[PDB]
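S.K.: Mind folding the following:
(one chain, ligands or ions: 2)
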Amino acid sequence: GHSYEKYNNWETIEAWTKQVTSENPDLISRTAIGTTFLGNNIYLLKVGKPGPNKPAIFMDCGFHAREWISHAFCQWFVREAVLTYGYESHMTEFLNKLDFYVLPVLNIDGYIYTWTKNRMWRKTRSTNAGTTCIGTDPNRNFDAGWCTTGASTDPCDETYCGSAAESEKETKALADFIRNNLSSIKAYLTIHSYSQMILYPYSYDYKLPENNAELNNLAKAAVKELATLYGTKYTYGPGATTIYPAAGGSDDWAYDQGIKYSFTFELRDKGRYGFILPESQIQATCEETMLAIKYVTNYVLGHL
Ligand SMILES: CC(C)[C@H](NC(=O)OCc1ccccc1)P(=O)(O)C[C@H](C(=O)O)c1cccc(CN)c1
Ligand SMILES: [Zn+2]
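M.R.: Numbers count the residues shown, from 1 in each chain. Ligands and ions are numbered 1, 2, ... in the order given. Find the structure here:
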């Protein structure tokens with residue numbers, strides 16, 4: 001029941017992670033890096049031609065449950081990789097020289113909830129002591145100016161930062177994996193919607209990253225590249241100023257770990273449909289986004 005041009009439920013995405021790996025063992029290995037609060041398997045796909053001591057790029061989707069185009073993009077990316085390897089010169093070099101760690105859905109519990117109960121759910125689905133309110137905002141749950149700004153300490157709010165950094169099994173699983181592979185991971189890319197933006201640090205503080213100049217130049221060329229296909233216009237810049245301040249973000253944390261190329265993508269649209277992006281825009285959205293991801297990849301690669 002899987003389709004790359006429709007939104008798939010978790011049942012179908014899970015089966016797909018198994019099948020796509022089955023059908024492409026020379027390009028994809030699949031592992032689980034942990035379990036969600038409700039016991040779902042946090043899958044990670046290692047996409048690339050296997051080899052000794054390869055550098056890597058890390059990309060996750062599905063941080064926020066209602067952001068369905070995000071989940072769709074990771075799936076799309078994986079097909080693009082496997083189908084074009086060996087035919088398209090750029091992707092062939094990419095997969096030859098590096099690995100993509102693709103985490104298709106981080107917040108699986110919430111994603112299932114958007115399908116079963118409330119399409120507009122954002123957070124995780126963990127319980128909170130002393131309240132009936134459910135969930136933590138995973139992108140306020142990382143150790144980066146944790147809960148200092150743009151975060152709520154109230155479990156009942158949508159930006160709840162949690163009881164403590166990495167209090168969520170999912171955010172902990174992700175941070176553990178990156179932490180264990182810091183030597184090989186060269187860039188971090190986290191996929192969200194909507195707003196049509198490429199964001200880079202900082203989000204938890206108005207301070208600029210050390211390599212701010214090249215990050216701006218990089219984000220700039222990527223949004224230019226993205227636009228060549230359908231004319232879709234992104235804005236870009238530091239998180240704090242480009243959209244709004246929000247501490248505890250995974251990209252800020254990734255950066256401060258030493259990953260110099262760290263980005264948050266906000267996909268289509270700009271509010272017409274918002275989180276409820278029609279399935280009819282899935283193809284065009286992923287297509288133009290592919291170009292920005294490959295532009296970044298090409299840049300990071302030539303900068304090892
Ligand atoms: C529509 C988008 C802009 C989404 N925002 C959203 O749904 O906000 C809900 C909200 C937030 C504060 C108050 C009220 C509602 P988003 O991808 O999720 C934005 C995302 C987030 O909030 O975690 C974000 C914002 C600023 C900087 C970063 C980089 N670390 C990431
Ligand atoms: Zn989001």
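
S.K.: use CA for all of it now, contacts and neighbours both
M.R.: Will do.

S.K.: Please report the distance of residue 71 from ligand 1.
M.R.: Distance of residue 71 to ligand 1, given as C-alpha to the nearest ligand atom, to the nearest Å: 12 Å.

S.K.: my guess is that residue is in a helix, correct?
M.R.: Yes: applying DSSP: H, G, I helix; E, B strand; the rest coil, one finds residue 71 inside a helix.

S.K.: Show me which residues of the protein sit near ligand 2.
M.R.: 64, 192 (C-alpha under 5 Å from the ion).

S.K.: 8 Å instead, please
M.R.: 63, 64, 67, 122, 139, 191, 192, 193, 194, 266 (C-alpha under 8 Å from the ion).

S.K.: Nearest residue to the fifth one in space, ignoring adjacent ones along the chain?
M.R.: Once its chain neighbours are removed from consideration, residue 139 has its nearest residue in residue 249; the separation is 4.6 Å (C-alpha to C-alpha, 6 or more residues apart in numbering).

S.K.: what sits against the one you found?
M.R.: 138, 139, 140, 141, 142, 143, 144, 203, 204 (C-alpha atoms under 8 Å, 6 or more residues apart in numbering).

S.K.: Hmm, the second one is touching residue 250, no?
M.R.: Yes: under the contact definition of C-alpha atoms under 8 Å, residue 139 touches residue 250, with a separation of 5.9 Å.

S.K.: Name the residue in those two with the higher neighbour count.
M.R.: residue 250 (27 against 21; other C-alpha atoms under 10 Å).

S.K.: quick one: that one and residue 142 touch, right?
M.R.: Yes: using C-alpha under 8 Å, residue 250 is in contact with residue 142, at 5.8 Å.

S.K.: Of the residues of the chain next to ligand 2, which belong to strands?
M.R.: Applying DSSP state E to the residues of the chain next to ligand 2, the entries found in strands are 191, 192, 193, 266.

S.K.: Scan those residues and report the most crowded one.
M.R.: Counting by other C-alpha under 10 Å, top hit in these: residue 192 with 28 neighbours.

S.K.: Which residue, other than its chain neighbours, is closest to that residue?
M.R.: With C-alpha to C-alpha, 6+ apart, the residue lying closest to residue 192 is residue 266, at 4.8 Å.

S.K.: How about residue 6: what's its closest non-neighbour residue?
M.R.: Counting by C-alpha to C-alpha, 6+ apart, the nearest residue to residue 6 once its immediate chain neighbours are dropped is residue 279, at 5.4 Å.

S.K.: Quick one: list the elements packing against the helix or strand where residue 29 lies.
M.R.: According to DSSP states H and E, residue 29 maps onto strand 28-35. Strand 28-35 sits against helix 10-23, strand 41-47, helix 169-179, with contacts defined as 3 or more C-alpha pairs under 8 Å, 6 or more residues apart in numbering; DSSP states H and E.

S.K.: Export the last one to CSV, keeping only CA atoms.
M.R.: What follows is the C-alpha trace of helix 169-179 in CSV, where atoms were taken according to Å, rounded to 0.1, in the frame of the first residue of the first chain:
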residue,chain,number,x,y,z
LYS,A,169,13.4,8.4,24.3
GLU,A,170,13.3,9.6,20.7
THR,A,171,15.5,12.7,21.1
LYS,A,172,17.8,10.7,23.3
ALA,A,173,18.1,7.9,20.7
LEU,A,174,19.0,10.5,18.0
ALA,A,175,21.5,12.3,20.1
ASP,A,176,23.1,9.1,21.2
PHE,A,177,23.6,7.9,17.6
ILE,A,178,25.1,11.2,16.4
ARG,A,179,27.2,11.3,19.5
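
S.K.: show me where the stretch 201-304 of the chain has helices.
M.R.: Using DSSP state H, counting those that start in this stretch, the helices of the stretch 201-304 of the chain run over residues 212-230, 239-242, 250-256, 282-301.
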